[PDB]
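Colleague: Below is one structure. I have some questions about it.
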Amino acid sequence: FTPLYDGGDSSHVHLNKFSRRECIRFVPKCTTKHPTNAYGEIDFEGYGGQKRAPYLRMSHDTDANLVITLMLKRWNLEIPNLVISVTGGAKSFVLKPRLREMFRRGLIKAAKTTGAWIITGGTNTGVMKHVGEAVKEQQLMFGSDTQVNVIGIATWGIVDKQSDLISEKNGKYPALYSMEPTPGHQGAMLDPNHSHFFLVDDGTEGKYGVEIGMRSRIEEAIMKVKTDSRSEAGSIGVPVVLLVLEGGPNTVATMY
Amino acid sequence: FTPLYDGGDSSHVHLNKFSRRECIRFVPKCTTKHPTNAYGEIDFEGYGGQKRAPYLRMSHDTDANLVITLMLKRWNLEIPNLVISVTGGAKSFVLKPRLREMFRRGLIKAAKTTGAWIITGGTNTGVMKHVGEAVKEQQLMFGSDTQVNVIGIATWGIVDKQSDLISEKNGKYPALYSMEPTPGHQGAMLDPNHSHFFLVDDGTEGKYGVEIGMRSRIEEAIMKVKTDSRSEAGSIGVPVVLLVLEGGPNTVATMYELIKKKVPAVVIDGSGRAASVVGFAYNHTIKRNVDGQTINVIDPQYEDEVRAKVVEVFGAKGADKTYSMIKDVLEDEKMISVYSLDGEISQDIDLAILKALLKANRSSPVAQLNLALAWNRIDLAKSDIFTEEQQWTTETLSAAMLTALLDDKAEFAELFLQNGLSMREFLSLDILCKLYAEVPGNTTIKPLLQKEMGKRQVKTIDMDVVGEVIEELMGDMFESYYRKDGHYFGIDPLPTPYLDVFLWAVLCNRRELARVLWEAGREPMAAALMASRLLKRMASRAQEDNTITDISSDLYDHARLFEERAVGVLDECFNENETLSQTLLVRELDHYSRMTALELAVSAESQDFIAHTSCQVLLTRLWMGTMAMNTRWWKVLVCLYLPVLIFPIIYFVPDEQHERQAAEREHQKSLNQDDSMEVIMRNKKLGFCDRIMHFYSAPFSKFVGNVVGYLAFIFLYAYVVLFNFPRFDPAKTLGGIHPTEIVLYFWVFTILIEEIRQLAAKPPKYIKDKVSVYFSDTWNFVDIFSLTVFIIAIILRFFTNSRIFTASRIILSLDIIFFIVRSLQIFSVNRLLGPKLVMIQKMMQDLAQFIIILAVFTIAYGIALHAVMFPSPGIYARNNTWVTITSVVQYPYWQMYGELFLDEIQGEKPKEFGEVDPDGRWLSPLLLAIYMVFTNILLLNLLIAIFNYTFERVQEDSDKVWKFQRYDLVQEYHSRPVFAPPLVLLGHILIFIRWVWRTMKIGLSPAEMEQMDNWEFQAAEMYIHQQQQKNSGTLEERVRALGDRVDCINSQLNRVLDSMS
Amino acid sequence: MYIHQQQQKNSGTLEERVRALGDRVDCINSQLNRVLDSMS
Ligand SMILES: *[C@@H]1O[C@H](CO)[C@@H](O[C@@H]2O[C@H](CO)[C@@H](O)[C@H](O)[C@H]2NC(C)=O)[C@H](O)[C@H]1NC(C)=O
Ligand SMILES: CC(C)CCC[C@@H](C)[C@H]1CC[C@H]2[C@@H]3CC=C4C[C@@H](O)CC[C@]4(C)[C@H]3CC[C@]12C
Ligand SMILES: [Ca+2]
């Protein structure tokens, strides 16, 4: 009925922590941009804890400033002091256990102490899996009090179980994304351990190099957002850093 | 004579732990198979402990299935989860002390943790000696609690002291096998450290290769025995593993023989001949000549001659055939395995043995997981079952999960949940019914389920039975959702999978499994309180019943653990936000029969939960029902009788909350340029007429009213008793009765009605159960006694007769005591007086014991005193029985308090007291003096010592008891009639009109209920991880972990020193 | 004098000595791992 009384400006944990912009969706395949069908949250099937990861499908021609507006205002995501872009191999690879342990200690310690975002490919294979597993067995060990924000910028033409995430109406905020792959798709699934998802549409399906443009244009957009502080001299532009594990010539092109 | 009584199915260690089959014996030497002479036990001559090792001689043509039947049934040997076959050198050999120590740590650790048999040659030389010595100085160090079964399969023609073991008759079970060898036999003795012996006959003597056939045929026989488990999917075939230390070509033949029967082999390098050759043959390189599912043949152009010469180091006659057998064993990469001392740091020999079996089942991961479950070793599951390489789903982990649940493998169930098992998909109705169908037998729930389905004649268990058992274990009109919800009768998944599996876990009394399932749940606080209720109620059920075994202290201890968890979650919720935690306590929970967390914490008598600050502040807020927090008693007292002052001077909850919100909106500016619970816990507003009824509906206003009305009653009743209570005469008007007494009848009738409606409004819905719970607290005895006594007095009053009128007025004039002493309940709302009134009733026991001892001394002295003063017949004999009986009790009693009758008990006062006997005149003060020592300066001072002793102990607990009783106080006055003491009886009628027409909680929205569940769950996570970090950071655990890291440093430096040398 | 005495009091507690001892043992273990890497 009426709003329940919480002692505002007295205690820390309020219940707020626990109808949209343009958001075009190319769904014709030549292209007719409609309003999006997929923008709720994902309850992954029983990997420990109660963690709803909000997501959104969007066209490849969407301006990055609106995505920053969506993250900061609409999703209630805090302004970061650092952004770690993890690029590398798409296919799964092996790390030596010492270096693996050192990697998943380093990345999460940097993210937790700094208060940073970690931007990754989003899918369940390659370097994205290592970042996901790092987040998993660092939150299973110490709990989720300082939540590390992992952003998965993936493509919509590859992700499995599309019909699971689709709904013409508003109110898709409960969604039940299963882990059993559909037989004979030839395309990856979403990572269970990531916190937020950006799914790039192109109309097409089974094409890998769709999210390369949006990744860069978002990474441009969070280099001109100013950090939060009381002083007007302390408000610096958000620094971005790039981290490399593997890849072909394409990662070296992205690096340069 | 008859069987001695041991408490079966109650305690663990029974005295059973502390006339045969065919059993042929070839004893002719051509062969005539007779019944065996040698099958008792062997007491080895003084090697420490009392260990009888049973043995049996048998022919070489005996079928292995009968030997398995003999082991499992006749010898009472448990079905193993692993079999380690140790082959090697027959003659004695030397191990390097590090490798020796590592060997005897590894073999016994594998055997103890897995629960395995170790099959060996049996004799006292070679590898058998190393296995024997390993067992000896691992049982001398840690004792024999987990007994390792070592089986010695030896030959009868070689063993010494045969005449010692032989007896034609039955009963050879005491035997004394000495260690001094017989001079000039040329044949080994038995090993002292082995547990069981199989001695193979052939008729012949002095022949070694007799036991080779039986060894293999037994090893065949225990590959088709199924392992013991509750699930029919968990019963795997027993895995066998082979371990090699040394040998000639014969061990390599045996190795290649058993590989073809799908038995893997572990070869120990850093030892003797055949192991080092096969090991260094394996140690070169890797090479797949053909695909062939990963085959190896390590023989390039480079390193053939090195293997040729190393084979030629020992044995020239047939170097090619033994080299062929050495290259044959290295065919399958999966089967053969080689342990070297310079391989890794963190790999011991037990890991090599078990990982060799996991390597042997490399094709199917399900078989590997079943082996990992069967052994109960989760480190292997973490190591090489659940890796990054392979993925697990619900469909693949279903059988493993069900096996993990039914066999009490809590850590595996935890691990399956947090890897790839989702209980929404896993748990169907049939699985849940299967879980309740396979309850152990030694639990408390099994009799209860049997008794419930015993009546109403139902042969198959279903959730209606389980629901009814859960209903009768929570007596306050609880309603389990199994009885009503459509999902639990007989596809979409079940509503609450974690909850009902958690309920199954707590009803079976499984501590670790219940903890695992509690941590992954939606309402931790409510579940913990329901758990503690279930545990302690079934504890009392187990205690008071003869046909259920007493495991009550275990169940109370488990209930106490869940009570601590509930308080811990509340404490963390309180530390995060103090207001919403109090909202959390009054949530109307749908899965717990519309019952709130505070009611659950009262149902199970959880004083630590109710005594917590959050509950106490909540109770004070409920006491101030829809009224400002700092409204004083006198302000209420004025407004109670002058309802025109109700609006100006009484502040309310909306007013103070509006003020706080209006202030906090301004603080954010820059410095430069029946709906009482709702209006308490929402942003609702009160008009004019609403905040009149809300003032009168508050518990505190009803309490102030009750106090004023009670004072009026006591003064009125004191007046009539002291001043004006005449006798009934029909001549005068009204019987000459003053109106005062009619007003007294009116108020006592009001108190009678109050007690009737206090009886009628109890939690159970059975008049016997209402009465039984109504007489739980001791005030209601005094209430019904005083009311009954009053009604009897007023009935006796009217009859107009001096004797029974005297009885009437005396009965009223004594009933004043009980009505005034009843005031102490209205005094007990105070913070300071309340605990003191609890302390008094706890001291009544010590007062009772004191009075008993005092009464014994009083009566002794009394009888002696009266007998001496007044002789029994005679001149001084007082001729009256009643005064004698009363005087014996009377005068000793008053003499305690300093009323010494010194003039009376001596000669003086002949008229008042009575004339005393001349010899009593001097006896009486002497007896008095002795009595005064033992009464005044011994017992009374001892009573002071007793009270001071018990006051500190009672001080600690009486406060909690007062804290807990505040709920009943608030709940009582919450339900009282709305109107004031003068008209309170008129108010009472409105409850009768509501009843003839035919509460402290709030209903939240689905969105809010979701938000509150999420916040509660995160608070529980904070508690769980803080407790883990508290238990890990203890000084002893830091020193222990520091010791482990120092051992790792020492091992690394040893490898550096090996790398130098 | 008061400030530094309080720092030296809080540092010299038994639990803090054991914790710091644990950190130095971890440093020794890491150094030996690098020695073993230098061997291999
Ligand atoms: C109690 O009764 C006895 C027996 O009747 C009385 O004892 C007698 O008292 C008279 C008068 O003093 C003596 O002459 C007798 O010798 C007494 N009898 C005996 C057997 O010795 C006694 O007086 C009575 N006591 C009281 C107090 O009334
Ligand atoms: C406190 C210590 C010294 C013990 C005292 C015991 C006294 C009080 C006891 C013991 C013996 C008793 C005395 C025994 C004999 C007599 C003679 C005569 O007059 C009657 C009472 C009288 C006088 C007694 C009075 C009390 C008495 C004196
Ligand atoms: Ca009552």
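So the sequence lines, in the order shown, correspond to chains A, B and C. Just so we're aligned: the first sequence equals residues 6 to 23, 41 to 51, 86 to 312 in UniProt numbering. Just so we're aligned: the second sequence equals residues 6 to 23, 41 to 51, 86 to 546, 573 to 755, 812 to 1136, 1148 to 1210 in UniProt numbering. Just so we're aligned: the third sequence equals residues 1171 to 1210 in UniProt numbering. Every residue, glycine too, gets a C-beta built ideally from N, C-alpha and C.
In chain B, which residues lie with their C-beta within 7 Å of the C-beta of C/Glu-1185?
Modeller: Going along chain B in sequence order, the residues near C/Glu-1185 (Cβ under 7 Å) are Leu-1184.
Colleague: Taking the straight line between their C-alpha atoms, what separation do you get for A/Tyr-10 and B/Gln-739?
Modeller: Spanning the two alpha carbons is a distance of roughly 9 Å.
Colleague: Would you kindly work out how many angstroms separate the C-alpha atoms of A/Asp-216 and A/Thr-238, rounded to a whole number?
Modeller: Rounded to the nearest angstrom, the two C-alpha atoms are 7 Å apart.
Colleague: Nearest to B/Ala-167 by CA position, among B/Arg-433, B/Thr-307 and B/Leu-662, is which residue?
Modeller: The candidate whose alpha carbon is nearest that of B/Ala-167 is B/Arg-433.
Colleague: Taking C-alpha atoms, which residue in B/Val-256, B/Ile-409 and B/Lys-192 lies nearest to B/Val-297?
Modeller: The shortest C-alpha separation from B/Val-297 is found at B/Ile-409.
Colleague: Please identify the residue among B/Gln-1033, B/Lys-822, B/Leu-1107 and B/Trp-1060 whose C-alpha is closest to the C-alpha of residue 763 of chain B.
Modeller: Residue 763 of chain B falls within a stretch that is absent from the model, since chain B runs 755 to 812 with no residues between.
Colleague: Can you give, in chain order, each stretch of the beta strand (DSSP E) that sits fully within the stretch 164-217 of chain B and has at least 3 residues?
Modeller: Taking only runs of at least 3 residues, the beta strand (DSSP E) segments lying wholly in the stretch 164-217 of chain B are 173-176 and 205-211.
Colleague: Using 9 Å as the limit for Cβ to Cβ distance, is A/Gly-102 near chain D?
Modeller: As a matter of chain content, chain D is missing from the structure shown, whose protein chains are A, B and C.
Colleague: Across which residues does DSSP place B/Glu-97 in a beta bridge pair?
Modeller: Answer is B/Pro-110.
Colleague: Quick one: list the residues of chain B neighbouring A/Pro-8, beta-carbon separation under 8 Å, in chain order.
Modeller: The answer, in chain order, is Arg-820 and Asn-821.
Colleague: How would you list, in chain order, the residues of chain B whose beta-carbon sits under 9 Å from the beta-carbon of A/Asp-201?
Modeller: Result: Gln-1167, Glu-1170, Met-1171 and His-1174.
Colleague: Taking the C-alpha atoms as reference points, what is the distance between B/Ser-454 and B/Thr-516?
Modeller: Their Cα atoms are separated by approximately 24 Å.
Colleague: Once the 5 residues before and after B/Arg-418 are set aside, which same chain residues still bring their CB inside 6 Å of it?
Modeller: If we look at B/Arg-418 and ignore the five residues flanking it on each side, its Cβ neighbours are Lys-390.
Colleague: B/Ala-986 to B/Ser-951, Cα distance in whole Å?
Modeller: Their backbone Cα atoms lie some 27 Å apart in a straight line.
Colleague: So, B/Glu-658 versus A/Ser-16, is the Cβ gap smaller than 9 Å?
Modeller: Yes, these two residues count as a Cβ contact at 9 Å.
Colleague: Does DSSP put B/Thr-888 in a helix, a strand or coil?
Modeller: DSSP places B/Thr-888 in helix when its eight states are reduced to three.
Colleague: Near B/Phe-584, which residues of its chain fall below 7 Å by C-beta distance, leaving aside the five closest residues on each side in sequence?
Modeller: Result list for B/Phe-584: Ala-596, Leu-599, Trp-600, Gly-603 and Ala-609, in chain order.
Colleague: Using the rule of at least 16 other Cβ atoms within 10 Å of the residue's Cβ for burial, across every protein chain shown, is B/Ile-278 buried or exposed?
Modeller: Its Cβ being crowded by 16 or more others within 10 Å, B/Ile-278 is buried.
Colleague: By Cβ distance, which residues of its chain are closer than 6 Å to A/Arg-273, with the 5 residues on each side in sequence left out?
Modeller: Correct list, in chain order: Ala-120.
Colleague: May I ask you to list the residues that DSSP assigns as paired with A/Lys-282?
Modeller: Answer is A/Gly-293, bridged to A/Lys-282.
Colleague: Out of A/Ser-251, A/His-19, A/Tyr-103 and A/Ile-98, which one is the CA nearest neighbour of B/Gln-474?
Modeller: Nearest option by C-alpha distance: A/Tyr-103.
Colleague: Between B/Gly-1000 and B/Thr-1022, what straight-line distance do the alpha-carbon atoms span, to the nearest angstrom?
Modeller: Going by the C-alpha atoms only, they are around 10 Å apart.
Colleague: How would the residue list near ligand 3 read, in chain order, if you kept each one whose beta-carbon is closer than 7 Å to any heavy atom?
Modeller: Chain-ordered list of matching residues: B/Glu-893, B/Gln-896, B/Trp-917, B/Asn-918 and B/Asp-921.
Colleague: Smallest Cα separation from B/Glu-101: which of B/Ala-109, B/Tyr-95 and B/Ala-94?
Modeller: The option with the nearest alpha carbon to B/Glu-101 is B/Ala-109.
Colleague: With H, G and I counted as helix, E and B as strand and the rest as coil, what does DSSP make of B/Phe-23?
Modeller: Residue state, collapsed to three classes: coil.
Colleague: Taking C-beta to C-beta, are B/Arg-829 and B/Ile-732 nearer than 9 Å?
Modeller: Contact: yes.
Colleague: Examine the Cβ distances between the stretch 1045-1057 of chain B and the stretch 1066-1081 of chain B and report whether three or more of them are shorter than 8 Å.
Modeller: Because the criterion of three Cβ pairs below 8 Å is not met, the stretch 1045-1057 of chain B and the stretch 1066-1081 of chain B do not touch.
Colleague: Where does the unbroken alpha helix (DSSP H) through B/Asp-440 begin, and where does it stop?
Modeller: Looking at the DSSP string, the run of the alpha helix (DSSP H) that includes B/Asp-440 is 434-440.
Colleague: Output, in sequence order along the chain, the residues in the stretch 235-249 of chain A whose CB is closer than 7 Å to any CB in chain B.
Modeller: Taking 7 Å as the Cβ-Cβ cut-off against chain B, the residues of the stretch 235-249 of chain A that qualify are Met-235 and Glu-236.
Colleague: I want to check one thing, is the minimum distance from the CB of B/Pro-1063 to the heavy atoms of ligand 2 below 8 Å?
Modeller: Yes, the Cβ of B/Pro-1063 comes within 8 Å of a heavy atom of ligand 2.
Colleague: Could you name the residues of chain C that B/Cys-1197 contacts, counting a contact when the two beta carbons are closer than 7 Å?
Modeller: The contacting residues are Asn-1199.
Colleague: What residue from A/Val-191, A/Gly-188, A/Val-204 and A/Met-158 has the CA that sits closest to residue 77 of chain A's CA?
Modeller: There are no atomic positions for residue 77 of chain A here, as chain A continues from 51 directly to 86.
Colleague: From A/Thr-307 to B/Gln-447, what does the alpha carbon distance come to, in whole angstroms?
Modeller: One C-alpha to the other measures close to 28 Å.
Colleague: Could you name the residues that DSSP lists as bridge partners for B/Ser-115?
Modeller: Note: B/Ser-115 sits in a beta bridge opposite B/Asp-257.
Colleague: To the nearest angstrom, report how far apart B/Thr-310 and A/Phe-149 are at their CA atoms.
Modeller: If I take the Cα positions, the gap works out to 41 Å.
Colleague: I'd like to know if the stretch 612-620 of chain B and the stretch 628-648 of chain B are in contact, where contact means that at least 3 CB-CB pairs between them fall below 8 Å.
Modeller: Judged by Cβ distances under 8 Å, the stretch 612-620 of chain B makes contact with the stretch 628-648 of chain B, as three or more pairs qualify.
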